[PDB]
>>> print(open('start_7.csv').read())   # CSV, N, CA, C and O atoms
chain,number,residue,atom,x,y,z
A,5,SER,N,0.8,-1.2,0.0
A,5,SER,CA,0.0,0.0,0.0
A,5,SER,C,0.8,1.3,0.0
A,5,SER,O,0.4,2.3,-0.4
A,6,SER,N,2.1,1.2,0.5
A,6,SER,CA,3.0,2.3,0.4
A,6,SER,C,3.7,2.3,-1.0
A,6,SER,O,3.9,3.3,-1.6
A,7,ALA,N,3.9,1.1,-1.5
A,7,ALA,CA,4.5,0.9,-2.9
A,7,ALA,C,3.5,1.4,-3.9
A,7,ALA,O,3.9,2.0,-4.9
A,8,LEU,N,2.2,1.0,-3.8
A,8,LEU,CA,1.2,1.3,-4.7
A,8,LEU,C,1.0,2.8,-4.9
A,8,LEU,O,1.0,3.4,-6.0
A,9,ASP,N,0.7,3.5,-3.7
A,9,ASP,CA,0.5,5.0,-3.7
A,9,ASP,C,1.7,5.6,-4.4
A,9,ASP,O,1.5,6.6,-5.1
A,10,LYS,N,2.9,5.1,-4.3
A,10,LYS,CA,4.1,5.7,-4.9
A,10,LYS,C,4.1,5.4,-6.5
A,10,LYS,O,4.4,6.3,-7.3
A,11,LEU,N,3.7,4.2,-6.9
A,11,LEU,CA,3.7,3.9,-8.3
A,11,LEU,C,2.6,4.7,-8.9
A,11,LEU,O,2.7,5.2,-10.1
A,12,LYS,N,1.4,4.9,-8.2
A,12,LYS,CA,0.4,5.8,-8.7
A,12,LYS,C,0.9,7.2,-9.0
A,12,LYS,O,0.6,7.8,-10.0
A,13,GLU,N,1.7,7.8,-8.1
A,13,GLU,CA,2.3,9.1,-8.4
A,13,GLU,C,3.0,9.0,-9.7
A,13,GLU,O,2.8,9.8,-10.6
A,14,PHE,N,4.0,8.0,-9.7
A,14,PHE,CA,4.8,7.8,-10.9
A,14,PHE,C,4.0,7.7,-12.2
A,14,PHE,O,4.3,8.4,-13.2
A,15,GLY,N,2.9,6.9,-12.2
A,15,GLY,CA,2.0,6.8,-13.3
A,15,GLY,C,1.4,8.2,-13.7
A,15,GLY,O,1.4,8.6,-14.8
A,16,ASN,N,0.9,8.9,-12.7
A,16,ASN,CA,0.2,10.2,-12.9
A,16,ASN,C,1.2,11.3,-13.4
A,16,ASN,O,0.8,12.1,-14.2
A,17,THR,N,2.4,11.2,-12.9
A,17,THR,CA,3.4,12.2,-13.4
A,17,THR,C,3.8,12.0,-14.8
A,17,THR,O,4.1,12.9,-15.6
A,18,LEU,N,3.9,10.7,-15.2
A,18,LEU,CA,4.1,10.4,-16.6
A,18,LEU,C,2.9,10.9,-17.4
A,18,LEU,O,3.1,11.5,-18.4
A,19,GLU,N,1.7,10.5,-17.0
A,19,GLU,CA,0.5,11.0,-17.7
A,19,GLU,C,0.5,12.5,-17.9
A,19,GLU,O,0.1,13.0,-18.9
A,20,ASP,N,1.0,13.3,-16.9
A,20,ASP,CA,1.1,14.7,-17.0
A,20,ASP,C,2.1,15.2,-17.9
A,20,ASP,O,1.9,16.2,-18.7
A,21,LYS,N,3.3,14.6,-17.9
A,21,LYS,CA,4.4,15.0,-18.7
A,21,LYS,C,4.2,14.7,-20.2
A,21,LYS,O,4.5,15.5,-21.1
A,22,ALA,N,3.5,13.6,-20.5
A,22,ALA,CA,3.2,13.2,-21.8
A,22,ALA,C,2.1,14.2,-22.4
A,22,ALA,O,2.3,14.6,-23.6
A,23,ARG,N,1.1,14.5,-21.7
A,23,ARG,CA,0.1,15.5,-22.1
A,23,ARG,C,0.8,16.8,-22.3
A,23,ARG,O,0.6,17.5,-23.3
A,24,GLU,N,1.7,17.2,-21.4
A,24,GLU,CA,2.5,18.4,-21.5
A,24,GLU,C,3.2,18.5,-22.9
A,24,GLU,O,3.0,19.4,-23.6
A,25,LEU,N,3.9,17.4,-23.2
A,25,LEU,CA,4.6,17.3,-24.4
A,25,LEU,C,3.7,17.4,-25.7
A,25,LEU,O,4.0,18.1,-26.6
A,26,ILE,N,2.6,16.7,-25.7
A,26,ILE,CA,1.7,16.7,-26.8
A,26,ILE,C,1.1,18.1,-27.0
A,26,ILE,O,1.0,18.5,-28.1
A,27,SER,N,0.8,18.8,-25.9
A,27,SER,CA,0.3,20.1,-26.0
A,27,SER,C,1.3,21.0,-26.6
A,27,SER,O,1.0,21.8,-27.5
A,28,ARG,N,2.6,20.9,-26.2
A,28,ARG,CA,3.7,21.7,-26.8
A,28,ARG,C,3.8,21.5,-28.3
A,28,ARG,O,3.9,22.4,-29.1
A,29,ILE,N,3.8,20.2,-28.7
A,29,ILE,CA,4.0,19.8,-30.1
A,29,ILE,C,2.9,20.4,-31.0
A,29,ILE,O,3.2,21.1,-32.0
A,30,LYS,N,1.6,20.2,-30.6
A,30,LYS,CA,0.5,20.7,-31.3
A,30,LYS,C,0.7,22.2,-31.6
A,30,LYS,O,0.3,22.7,-32.7
A,31,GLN,N,1.2,22.9,-30.6
A,31,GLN,CA,1.5,24.4,-30.8
A,31,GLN,C,2.6,24.6,-31.8
A,31,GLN,O,2.5,25.5,-32.6
A,32,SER,N,3.7,23.8,-31.7
A,32,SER,CA,4.7,23.9,-32.7
A,32,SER,C,4.3,23.5,-34.1
A,32,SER,O,4.8,24.0,-35.1
A,33,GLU,N,3.3,22.6,-34.2
A,33,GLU,CA,2.8,22.1,-35.5
A,33,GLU,C,2.0,23.3,-36.1
A,33,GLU,O,2.3,23.7,-37.3
A,34,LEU,N,1.1,23.8,-35.4
A,34,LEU,CA,0.2,24.9,-35.8
A,34,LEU,C,1.1,26.2,-36.2
A,34,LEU,O,0.8,26.8,-37.2
A,35,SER,N,2.0,26.5,-35.3
A,35,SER,CA,2.8,27.7,-35.6
A,35,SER,C,3.7,27.5,-36.9
A,35,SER,O,3.9,28.5,-37.6
A,36,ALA,N,4.1,26.3,-37.2
A,36,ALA,CA,4.9,26.1,-38.4
A,36,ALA,C,4.0,26.1,-39.7
A,36,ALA,O,4.4,26.6,-40.7
A,37,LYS,N,2.8,25.5,-39.6
A,37,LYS,CA,1.9,25.6,-40.7
A,37,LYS,C,1.4,27.0,-41.0
A,37,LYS,O,1.1,27.3,-42.1
A,38,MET,N,1.5,27.9,-40.0
A,38,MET,CA,1.4,29.3,-40.3
A,38,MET,C,2.6,30.0,-41.0
A,38,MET,O,2.4,30.7,-41.9
A,39,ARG,N,3.8,29.6,-40.5
A,39,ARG,CA,5.0,30.2,-41.1
A,39,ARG,C,5.0,29.8,-42.6
A,39,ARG,O,5.4,30.6,-43.4
A,40,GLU,N,4.7,28.5,-42.9
A,40,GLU,CA,4.6,28.1,-44.2
A,40,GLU,C,3.6,28.8,-45.1
A,40,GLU,O,3.9,29.2,-46.2
A,41,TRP,N,2.4,29.1,-44.5
A,41,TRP,CA,1.4,29.8,-45.1
A,41,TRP,C,1.8,31.2,-45.5
A,41,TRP,O,1.5,31.7,-46.6
A,42,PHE,N,2.5,31.9,-44.6
A,42,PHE,CA,2.9,33.3,-44.8
A,42,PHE,C,4.0,33.3,-45.8
A,42,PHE,O,4.0,34.2,-46.7
A,43,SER,N,5.0,32.4,-45.7
A,43,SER,CA,6.0,32.3,-46.7
A,43,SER,C,5.5,32.1,-48.1
A,43,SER,O,5.8,32.7,-49.1
A,44,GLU,N,4.6,31.0,-48.2
A,44,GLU,CA,3.9,30.7,-49.5
A,44,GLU,C,3.2,31.9,-50.1
A,44,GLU,O,3.5,32.1,-51.3
A,45,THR,N,2.4,32.6,-49.4
A,45,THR,CA,1.7,33.8,-49.9
A,45,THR,C,2.7,34.8,-50.3
A,45,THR,O,2.5,35.5,-51.3
A,46,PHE,N,3.8,35.0,-49.5
A,46,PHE,CA,4.9,35.9,-49.8
A,46,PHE,C,5.6,35.6,-51.1
A,46,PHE,O,6.0,36.4,-51.9
A,47,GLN,N,5.8,34.3,-51.3
A,47,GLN,CA,6.5,33.8,-52.5
A,47,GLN,C,5.7,34.1,-53.8
A,47,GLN,O,6.2,34.5,-54.8
A,48,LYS,N,4.4,34.0,-53.7
A,48,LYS,CA,3.5,34.3,-54.9
A,48,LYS,C,3.4,35.8,-55.2
A,48,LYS,O,3.2,36.2,-56.3
A,49,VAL,N,3.6,36.6,-54.1
A,49,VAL,CA,3.7,38.0,-54.3
A,49,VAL,C,4.9,38.4,-55.1
A,49,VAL,O,4.9,39.3,-56.0
A,50,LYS,N,6.1,37.9,-54.7
A,50,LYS,CA,7.3,38.1,-55.4
A,50,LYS,C,7.1,37.8,-56.9
A,50,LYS,O,7.5,38.6,-57.8
A,51,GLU,N,6.6,36.6,-57.2
A,51,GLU,CA,6.4,36.1,-58.5
A,51,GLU,C,5.5,37.1,-59.4
A,51,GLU,O,5.8,37.2,-60.6
A,52,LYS,N,4.6,37.7,-58.8
A,52,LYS,CA,3.7,38.7,-59.6
A,52,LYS,C,4.5,40.0,-59.9
A,52,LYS,O,4.0,40.8,-60.7
A,53,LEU,N,5.6,40.2,-59.2
A,53,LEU,CA,6.4,41.4,-59.4
A,53,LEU,C,7.7,41.1,-60.2
A,53,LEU,O,8.5,42.0,-60.4
A,54,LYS,N,7.9,39.9,-60.6
A,54,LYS,CA,9.0,39.5,-61.5
A,54,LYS,C,10.3,40.3,-61.4
A,54,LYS,O,11.0,40.3,-60.4
B,3,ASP,N,28.9,69.8,-89.4
B,3,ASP,CA,27.6,69.4,-89.9
B,3,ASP,C,26.4,70.3,-89.4
B,3,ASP,O,25.5,70.6,-90.1
B,4,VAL,N,26.4,70.5,-88.1
B,4,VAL,CA,26.7,69.4,-87.1
B,4,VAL,C,25.5,68.8,-86.5
B,4,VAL,O,25.5,68.1,-85.5
B,5,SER,N,24.3,69.2,-87.1
B,5,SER,CA,23.0,68.8,-86.6
B,5,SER,C,23.0,67.3,-86.3
B,5,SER,O,22.2,66.8,-85.5
B,6,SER,N,23.9,66.5,-87.0
B,6,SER,CA,24.0,65.1,-86.8
B,6,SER,C,24.4,64.7,-85.4
B,6,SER,O,23.9,63.8,-84.8
B,7,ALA,N,25.3,65.5,-84.8
B,7,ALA,CA,25.8,65.3,-83.5
B,7,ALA,C,24.7,65.5,-82.5
B,7,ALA,O,24.4,64.6,-81.7
B,8,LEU,N,24.0,66.6,-82.6
B,8,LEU,CA,22.9,66.9,-81.7
B,8,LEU,C,21.8,65.8,-81.8
B,8,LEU,O,21.3,65.4,-80.8
B,9,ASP,N,21.5,65.3,-83.0
B,9,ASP,CA,20.6,64.2,-83.2
B,9,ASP,C,21.0,63.0,-82.4
B,9,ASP,O,20.2,62.3,-81.8
B,10,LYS,N,22.3,62.8,-82.3
B,10,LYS,CA,22.8,61.6,-81.5
B,10,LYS,C,22.8,61.9,-80.0
B,10,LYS,O,22.4,61.0,-79.3
B,11,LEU,N,23.1,63.1,-79.6
B,11,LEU,CA,22.9,63.5,-78.2
B,11,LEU,C,21.5,63.4,-77.8
B,11,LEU,O,21.2,62.9,-76.7
B,12,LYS,N,20.6,63.8,-78.7
B,12,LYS,CA,19.1,63.6,-78.4
B,12,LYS,C,18.8,62.2,-78.1
B,12,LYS,O,18.0,61.9,-77.1
B,13,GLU,N,19.2,61.2,-78.9
B,13,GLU,CA,19.0,59.8,-78.6
B,13,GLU,C,19.4,59.5,-77.2
B,13,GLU,O,18.7,59.0,-76.4
B,14,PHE,N,20.7,59.8,-77.0
B,14,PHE,CA,21.4,59.5,-75.7
B,14,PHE,C,20.6,60.1,-74.5
B,14,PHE,O,20.3,59.4,-73.6
B,15,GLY,N,20.2,61.4,-74.6
B,15,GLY,CA,19.3,62.0,-73.7
B,15,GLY,C,18.0,61.3,-73.4
B,15,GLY,O,17.6,61.0,-72.3
B,16,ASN,N,17.3,60.9,-74.5
B,16,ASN,CA,16.1,60.2,-74.4
B,16,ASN,C,16.3,58.8,-73.8
B,16,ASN,O,15.5,58.3,-73.1
B,17,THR,N,17.4,58.1,-74.1
B,17,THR,CA,17.8,56.8,-73.5
B,17,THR,C,18.0,56.9,-72.0
B,17,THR,O,17.6,56.0,-71.3
B,18,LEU,N,18.7,58.0,-71.6
B,18,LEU,CA,18.8,58.3,-70.2
B,18,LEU,C,17.5,58.4,-69.5
B,18,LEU,O,17.2,57.8,-68.5
B,19,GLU,N,16.6,59.3,-70.1
B,19,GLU,CA,15.3,59.5,-69.5
B,19,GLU,C,14.5,58.2,-69.4
B,19,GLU,O,13.8,58.0,-68.4
B,20,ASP,N,14.7,57.3,-70.4
B,20,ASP,CA,13.9,56.1,-70.3
B,20,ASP,C,14.5,55.1,-69.3
B,20,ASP,O,13.7,54.4,-68.6
B,21,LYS,N,15.8,55.0,-69.2
B,21,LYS,CA,16.4,54.1,-68.3
B,21,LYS,C,16.3,54.5,-66.9
B,21,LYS,O,16.1,53.7,-66.0
B,22,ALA,N,16.3,55.8,-66.6
B,22,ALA,CA,16.1,56.3,-65.3
B,22,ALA,C,14.7,56.1,-64.8
B,22,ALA,O,14.4,55.7,-63.6
B,23,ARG,N,13.7,56.3,-65.6
B,23,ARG,CA,12.3,56.0,-65.3
B,23,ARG,C,12.2,54.5,-65.1
B,23,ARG,O,11.6,54.0,-64.1
B,24,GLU,N,12.8,53.7,-66.0
B,24,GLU,CA,12.9,52.2,-65.8
B,24,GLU,C,13.3,51.9,-64.3
B,24,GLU,O,12.7,51.2,-63.6
B,25,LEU,N,14.5,52.5,-64.0
B,25,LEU,CA,15.0,52.2,-62.6
B,25,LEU,C,14.1,52.6,-61.5
B,25,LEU,O,14.0,51.9,-60.5
B,26,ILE,N,13.5,53.8,-61.6
B,26,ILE,CA,12.6,54.3,-60.6
B,26,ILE,C,11.4,53.3,-60.4
B,26,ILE,O,11.0,53.0,-59.3
B,27,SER,N,10.9,52.9,-61.5
B,27,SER,CA,9.8,51.9,-61.5
B,27,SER,C,10.2,50.6,-60.8
B,27,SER,O,9.5,50.1,-60.0
B,28,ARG,N,11.4,50.1,-61.1
B,28,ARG,CA,11.9,48.9,-60.4
B,28,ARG,C,12.0,49.1,-58.9
B,28,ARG,O,11.6,48.2,-58.2
B,29,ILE,N,12.6,50.2,-58.5
B,29,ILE,CA,12.8,50.5,-57.1
B,29,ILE,C,11.5,50.5,-56.3
B,29,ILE,O,11.3,49.8,-55.4
B,30,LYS,N,10.5,51.3,-56.8
B,30,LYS,CA,9.2,51.4,-56.2
B,30,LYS,C,8.6,50.0,-56.0
B,30,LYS,O,8.0,49.8,-54.9
B,31,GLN,N,8.9,49.1,-56.9
B,31,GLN,CA,8.4,47.7,-56.7
B,31,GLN,C,9.2,47.0,-55.7
B,31,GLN,O,8.6,46.2,-54.9
B,32,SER,N,10.5,47.2,-55.6
B,32,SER,CA,11.3,46.6,-54.5
B,32,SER,C,11.0,47.2,-53.1
B,32,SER,O,11.1,46.6,-52.1
B,33,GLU,N,10.5,48.5,-53.1
B,33,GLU,CA,10.1,49.2,-51.9
B,33,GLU,C,8.9,48.5,-51.4
B,33,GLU,O,8.8,48.0,-50.3
B,34,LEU,N,7.9,48.4,-52.3
B,34,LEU,CA,6.6,47.8,-52.0
B,34,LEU,C,6.7,46.3,-51.5
B,34,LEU,O,6.2,45.9,-50.5
B,35,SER,N,7.5,45.5,-52.2
B,35,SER,CA,7.7,44.1,-51.9
B,35,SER,C,8.4,44.0,-50.5
B,35,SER,O,8.1,43.0,-49.8
B,36,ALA,N,9.3,44.9,-50.1
B,36,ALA,CA,10.0,44.8,-48.9
B,36,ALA,C,9.1,45.2,-47.7
B,36,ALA,O,9.2,44.6,-46.6
B,37,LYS,N,8.4,46.3,-47.9
B,37,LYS,CA,7.5,46.8,-46.9
B,37,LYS,C,6.4,45.8,-46.6
B,37,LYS,O,5.8,45.7,-45.5
B,38,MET,N,6.1,44.9,-47.6
B,38,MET,CA,5.2,43.7,-47.4
B,38,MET,C,5.9,42.7,-46.6
B,38,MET,O,5.3,42.1,-45.6
B,39,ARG,N,7.1,42.3,-47.0
B,39,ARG,CA,7.9,41.3,-46.2
B,39,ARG,C,8.0,41.8,-44.7
B,39,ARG,O,7.9,40.9,-43.8
B,40,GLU,N,8.2,43.0,-44.4
B,40,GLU,CA,8.2,43.6,-43.1
B,40,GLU,C,6.9,43.3,-42.4
B,40,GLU,O,6.8,42.7,-41.3
B,41,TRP,N,5.8,43.7,-43.1
B,41,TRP,CA,4.5,43.6,-42.5
B,41,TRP,C,4.1,42.2,-42.2
B,41,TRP,O,3.4,41.9,-41.3
B,42,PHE,N,4.5,41.2,-43.1
B,42,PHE,CA,4.1,39.8,-42.9
B,42,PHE,C,4.8,39.2,-41.7
B,42,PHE,O,4.2,38.5,-40.9
B,43,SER,N,6.1,39.5,-41.6
B,43,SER,CA,6.9,39.0,-40.5
B,43,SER,C,6.4,39.6,-39.2
B,43,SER,O,6.2,38.8,-38.2
B,44,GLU,N,6.2,40.9,-39.2
B,44,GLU,CA,5.6,41.6,-38.0
B,44,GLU,C,4.3,41.0,-37.5
B,44,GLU,O,4.2,40.6,-36.3
B,45,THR,N,3.4,40.8,-38.4
B,45,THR,CA,2.1,40.1,-38.1
B,45,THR,C,2.3,38.7,-37.6
B,45,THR,O,1.7,38.3,-36.7
B,46,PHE,N,3.3,38.0,-38.2
B,46,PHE,CA,3.6,36.7,-37.8
B,46,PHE,C,4.2,36.6,-36.4
B,46,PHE,O,4.0,35.7,-35.7
B,47,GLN,N,5.0,37.6,-36.1
B,47,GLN,CA,5.7,37.6,-34.8
B,47,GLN,C,4.7,37.8,-33.7
B,47,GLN,O,4.8,37.2,-32.6
B,48,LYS,N,3.7,38.7,-33.9
B,48,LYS,CA,2.7,38.9,-32.9
B,48,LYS,C,1.7,37.7,-32.7
B,48,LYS,O,1.2,37.5,-31.6
B,49,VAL,N,1.6,36.9,-33.8
B,49,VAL,CA,0.8,35.7,-33.6
B,49,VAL,C,1.5,34.6,-32.8
B,49,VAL,O,0.9,33.9,-32.0
B,50,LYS,N,2.8,34.5,-33.0
B,50,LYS,CA,3.6,33.6,-32.1
B,50,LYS,C,3.4,33.9,-30.6
B,50,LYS,O,3.1,33.0,-29.8
B,51,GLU,N,3.4,35.2,-30.3
B,51,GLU,CA,3.2,35.6,-28.9
B,51,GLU,C,1.9,35.3,-28.3
B,51,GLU,O,1.8,34.9,-27.1
B,52,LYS,N,0.8,35.3,-29.1
B,52,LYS,CA,-0.5,34.8,-28.6
B,52,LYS,C,-0.6,33.3,-28.6
B,52,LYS,O,-1.6,32.8,-28.1
B,53,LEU,N,0.4,32.5,-29.0
B,53,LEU,CA,0.5,31.1,-28.8
B,53,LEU,C,1.6,30.7,-27.8
B,53,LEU,O,2.0,29.5,-27.8
B,54,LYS,N,2.0,31.6,-27.0
B,54,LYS,CA,3.0,31.3,-26.0
B,54,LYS,C,4.0,30.3,-26.5
B,54,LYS,O,5.2,30.3,-26.2
>>> encode(input="start_7.csv", output="structure tokens")
Amino acid sequence: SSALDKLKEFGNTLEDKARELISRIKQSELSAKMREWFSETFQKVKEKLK
Amino acid sequence: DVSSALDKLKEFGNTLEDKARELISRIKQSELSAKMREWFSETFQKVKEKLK
């Protein structure tokens, strides 16, 4: 019962860190898809001014 | 002659006038394009900040 409560903590801290990580990535994913979108639009502007 | 010389200077003068306008036109376009690059980056930077 002392071992279990401790493994529970360990389980829960893993669950928290993994969610933490997933949250961070999703933000990096979104932010990069924006950078690509801005660059893309900017590239087609250059092309229209030859 | 010498009207022939003046005729050739006239060409040259007109060619300057055309090339300088050409150049001014090109710059204005480089100005515009760069002021856009500034504005896109600027807007993009403030969006990063709202996504911590």
>>> interface_residues(input="start_7.csv", of="chain B", to="chain A", cutoff="7 Å", atoms="only N, CA, C and O atoms", output="number ranges by chain")
B: 31, 35, 42, 50, 53
>>> atom_distance(input="start_7.csv", atom1="atom N of residue 18 in chain A", atom2="atom O of residue 6 in chain A")
15.5 Å
>>> atom_distance(input="start_7.csv", atom1="atom O of residue 33 in chain A", atom2="atom O of residue 33 in chain B")
28.3 Å
>>> atom_distance(input="start_7.csv", atom1="atom N of residue 11 in chain B", atom2="atom N of residue 24 in chain B")
19.5 Å
>>> decode(input="start_7.csv", residues="range 20-36 of chain B", atoms="N, CA, C and O atoms", output="tab-separated table (two decimals), in the first residue's frame")
chain	number	residue	atom	x	y	z
B	20	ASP	N	14.65	57.32	-70.36
B	20	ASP	CA	13.91	56.06	-70.33
B	20	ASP	C	14.48	55.10	-69.31
B	20	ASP	O	13.73	54.41	-68.62
B	21	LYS	N	15.79	55.04	-69.21
B	21	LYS	CA	16.42	54.09	-68.31
B	21	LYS	C	16.27	54.51	-66.86
B	21	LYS	O	16.14	53.67	-65.98
B	22	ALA	N	16.28	55.80	-66.60
B	22	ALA	CA	16.09	56.31	-65.25
B	22	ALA	C	14.66	56.07	-64.78
B	22	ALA	O	14.45	55.67	-63.64
B	23	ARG	N	13.68	56.32	-65.63
B	23	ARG	CA	12.31	55.96	-65.32
B	23	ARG	C	12.18	54.46	-65.09
B	23	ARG	O	11.56	54.02	-64.13
B	24	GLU	N	12.80	53.68	-65.96
B	24	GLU	CA	12.86	52.23	-65.78
B	24	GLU	C	13.32	51.91	-64.35
B	24	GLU	O	12.67	51.18	-63.62
B	25	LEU	N	14.45	52.48	-63.95
B	25	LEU	CA	15.04	52.22	-62.64
B	25	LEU	C	14.12	52.62	-61.49
B	25	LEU	O	13.97	51.87	-60.52
B	26	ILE	N	13.53	53.81	-61.59
B	26	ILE	CA	12.62	54.29	-60.56
B	26	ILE	C	11.44	53.33	-60.40
B	26	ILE	O	11.05	53.00	-59.27
B	27	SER	N	10.89	52.89	-61.52
B	27	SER	CA	9.81	51.91	-61.52
B	27	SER	C	10.22	50.64	-60.78
B	27	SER	O	9.46	50.13	-59.97
B	28	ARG	N	11.41	50.15	-61.06
B	28	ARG	CA	11.90	48.92	-60.42
B	28	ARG	C	12.04	49.09	-58.92
B	28	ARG	O	11.63	48.21	-58.15
B	29	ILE	N	12.62	50.20	-58.49
B	29	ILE	CA	12.80	50.48	-57.06
B	29	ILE	C	11.46	50.51	-56.33
B	29	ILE	O	11.28	49.79	-55.35
B	30	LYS	N	10.53	51.33	-56.82
B	30	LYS	CA	9.19	51.39	-56.22
B	30	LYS	C	8.61	50.00	-55.97
B	30	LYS	O	7.97	49.76	-54.94
B	31	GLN	N	8.85	49.07	-56.89
B	31	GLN	CA	8.41	47.70	-56.74
B	31	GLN	C	9.21	46.97	-55.65
B	31	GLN	O	8.65	46.22	-54.87
B	32	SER	N	10.51	47.21	-55.58
B	32	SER	CA	11.32	46.64	-54.50
B	32	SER	C	10.97	47.22	-53.14
B	32	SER	O	11.15	46.57	-52.12
B	33	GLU	N	10.52	48.47	-53.14
B	33	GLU	CA	10.11	49.16	-51.93
B	33	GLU	C	8.87	48.47	-51.41
B	33	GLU	O	8.84	48.00	-50.28
B	34	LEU	N	7.85	48.40	-52.27
B	34	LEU	CA	6.58	47.75	-51.97
B	34	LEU	C	6.75	46.32	-51.49
B	34	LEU	O	6.19	45.93	-50.47
B	35	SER	N	7.50	45.53	-52.24
B	35	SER	CA	7.74	44.14	-51.88
B	35	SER	C	8.40	43.98	-50.50
B	35	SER	O	8.09	43.04	-49.78
B	36	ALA	N	9.30	44.89	-50.15
B	36	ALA	CA	10.01	44.78	-48.89
B	36	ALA	C	9.15	45.24	-47.73
B	36	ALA	O	9.18	44.63	-46.65
